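In structure tokens, the next block holds one chain alone, the form deposited in one PDB entry.
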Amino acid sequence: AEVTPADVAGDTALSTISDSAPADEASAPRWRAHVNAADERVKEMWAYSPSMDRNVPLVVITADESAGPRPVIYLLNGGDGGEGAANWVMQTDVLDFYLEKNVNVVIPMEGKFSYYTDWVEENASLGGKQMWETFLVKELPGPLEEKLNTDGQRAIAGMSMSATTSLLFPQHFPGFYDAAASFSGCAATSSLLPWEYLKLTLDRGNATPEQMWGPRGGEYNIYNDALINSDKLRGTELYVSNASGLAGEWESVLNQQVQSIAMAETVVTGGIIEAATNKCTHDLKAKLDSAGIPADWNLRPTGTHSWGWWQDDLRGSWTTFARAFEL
């Protein structure tokens, strides 16, 4: 990319990267065993965020030295944030897949129910002050890309809640990202229905969308509406997809009365989630097509599980990334 970390960081106090977890860590994260069993190129790093006063864990797939400096992909988890079991590391072969591609991949393992944005208000249930856009865009790239010896190219990818984030970041900082991948989300956030979809994610973290982006339709909410500001994506290589499934983000790939009742619910909820995302994606495509902004589209049918589609999204988005990075 032509825009450097220092170009977007400006005044911002930068992150400090450590190769070891804080000594005050009480218990080992669930994902640590997965890192420890993967190739030596998969590393656990920790980035201190000055704005949040938080140590953020990162699962990093490092490139080999056979071709020198390589690009970096910032891959975001959904609502889980990497703080539970419903994430890239624990539900997909993300580590093995990218190891073979020879590319740097950085997966933050904190940020549950945050939309990876800068929140207007604090929320103790989510760690207090949330400044994930400042962290991911301004605090982290400079020191981390230096440590990884990247070639100066970068991409942002997100799924579900962070499939809004991966469209907002390149719009907020045009030219910073070479590519952006949005894996099954809703670009719109200020319209009636899209605002209510923010509540599905935020209710799980004891939060409201007003704490995050202020009043619906307000200045900051519109700034964070990726459908309204879709034209600002021009210049970025894009990959937009669908992870339509019955068993969603919560599900990994007793009596027959309760086994059939619970199964009836996933078909219904997965169906409402699929329908909601399908329209959001259709509106974005119509808006980008009308503006002459090209994207790689992976609109898929209803699958058995959403995580099966999300693992397939790592493959699908590789065509966008290989093209944007000239690999």
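The numbering used is simple: start at 1 and walk along the sequence shown. C-alpha atoms forming the largest set that superposes within 1.5 Å between two forms make up the rigid core. Only residues modelled in both forms are compared.
Keep in mind that the form deposited in another entry is missing from the display, and what follows is about it.
Residue showing a CA shift of 2 Å or more between the shown form and the other one (rigid core superposed; candidates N298, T62, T277, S51): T277. Core-aligned CA deviation for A243 between the shown form and the other one: 2 Å or greater. Compared with the form shown here, the Cα atoms of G245 and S162 move at least 3 Å closer together in that other deposited form.
In that other deposited form, the CA atoms of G245 and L202 draw together by 3 angstroms or more relative to this form. Mapped along the sequence, displacements between the shown form and the other one of 2 angstroms or more at every C-alpha, sustained over at least 3 residues after core alignment, occur at 242 to 251, 269 to 277, 302 to 306.
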